[PDB]
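Only one chain comes next, encoded as structure tokens, the form deposited in one PDB entry.
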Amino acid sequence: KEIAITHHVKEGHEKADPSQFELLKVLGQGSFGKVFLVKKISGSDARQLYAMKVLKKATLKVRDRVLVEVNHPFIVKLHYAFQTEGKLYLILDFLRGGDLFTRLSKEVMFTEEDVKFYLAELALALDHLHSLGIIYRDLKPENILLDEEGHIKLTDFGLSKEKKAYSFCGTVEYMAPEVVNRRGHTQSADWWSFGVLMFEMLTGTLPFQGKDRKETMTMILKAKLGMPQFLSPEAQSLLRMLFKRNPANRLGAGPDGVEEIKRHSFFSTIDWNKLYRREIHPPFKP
């Protein structure tokens, strides 16, 4: 019922305040609502243009991550997040004409061909965040945006809808077993969530889902997955390899990380260089 934003800050982070920004424009951006276009006044990113959101009733959680940063084609970043007079200010990559991946998934039926495109961009994005020291934990469709051209933009910040408060409050359906049991986890937990995203894109349903959180948790830990037989052998194989309960056995967990996924037969048709250059067209345009 309330928005919680999670900001994964870098080591050299420079705290910001309202005074460090010049207001340029006020835009109405559909799903994004009222967006201020602002210009950074000082610091290393002086003169950079950003989107600013001002949230009336939101909580902010700031976390540490595990070179000057450059843009990645498939990520939007939260640059600054600060609270002033009961308000939360978010300074974000400007994403004009952007929209929600969830809006798309509700409107379309994804085929395996469609999903290969979206998951390939998402894999590049997720691996990049890992290289930056960000572990997602409960990567989910709410984290996935689309630019005006229809390409994936994964948010580098957490966003959820949140009795006692918790430092981490994730959506259980997307959580790996080792995350559910709070025994310790790594970037490999995110490849499980990646598999959950893939499963949901392909079937319109979640692979582990009970009546309550408690039941869903037990299913994630112990439930055998009923693999939909309409899926190709390649799709089936990828999902089985992502849904290994022991993270050590999970695809993407070895030293080569995301390469294990890029080399999987499910993605055999993807040219990863062309993809990164944004030279492959999306299945759906917003």
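Numbers for residues come from their place in the sequence shown, where the first is 1. What we label the rigid core is the largest C-alpha set whose atoms superpose within 1.5 Å from one form to the other.
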- Query: At least a third of the other compared entries leaving residue 54 unmodelled, is that the case?
  - Reply: no
- Message: I want to check something about residue 244: across the other compared entries that model its neighbours, is it left unbuilt in at least a third?
- Response: no
- Note on the structure: Here the number of deposited-sequence residues unresolved in the coordinates between residue 49 and residue 50 is none
- Between residue 148 and residue 149, count the deposited residues left without coordinates and pick a bin: none, 1 to 3, 4 to 9, 10 or more. none
- Stretch with the greater mean C-alpha B-factor as recorded in the entry, comparing 134 to 142 against 206 to 214: 206 to 214
- Query: 6 to 14 versus 258 to 266: which one carries the higher mean Cα B factor per the record?
  - Reply: 6 to 14
- Whose CA atom has the top B-factor in the entry, of 163, 79, 128, 116? 163
- Query: Out of 100, 169, 95, 152, which one has a C-alpha B factor higher than all the others in the entry?
  - Reply: 169
- Temperature factor at the Cα of residue 238, chain-ranked in thirds, falls in the lowest
- Task: Please place residue 219 in the lowest, middle or highest third of its chain by C-alpha B factor as given in the entry.
- Result: highest
- Query: Against its chain's modelled residues, does residue 65's Cα B factor rank lowest, middle or highest third?
  - Reply: middle
- Item | Cα B factor band for residue 193 (lowest, middle or highest third within the chain) | lowest
- Query: Would the CA B-factor of residue 158 place it in the lowest, middle or highest third of its chain?
  - Reply: middle
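Just so you know, the form deposited in another entry exists too; it's not on screen, but the next bit is about it.
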- Among 178, 147, 93, 200, whose C-alpha is off by 2 Å or more between this form and the one not shown on a rigid-core fit? 93
- Query: C-alpha of residue 50: shift of 2 angstroms or more between this form and the one not shown, rigid core aligned?
  - Reply: yes
- Message: I want to check residue 34: does it shift between this form and the one not shown by 2 Å or more at the Cα, with the core superposed?
- Response: yes
- Query: Would the C-alpha of residue 271 be classed as shifted by 2 Å or more between this form and the one not shown after rigid-core alignment?
  - Reply: no
- Your call: residue 31 and residue 196 CA atoms, closer or farther in that other deposited form versus the shown structure, by 3 Å or more? closer
- A change of 3 Å or more separates this form from the other: in that other deposited form, the C-alpha atoms of residue 30 and residue 146 are farther
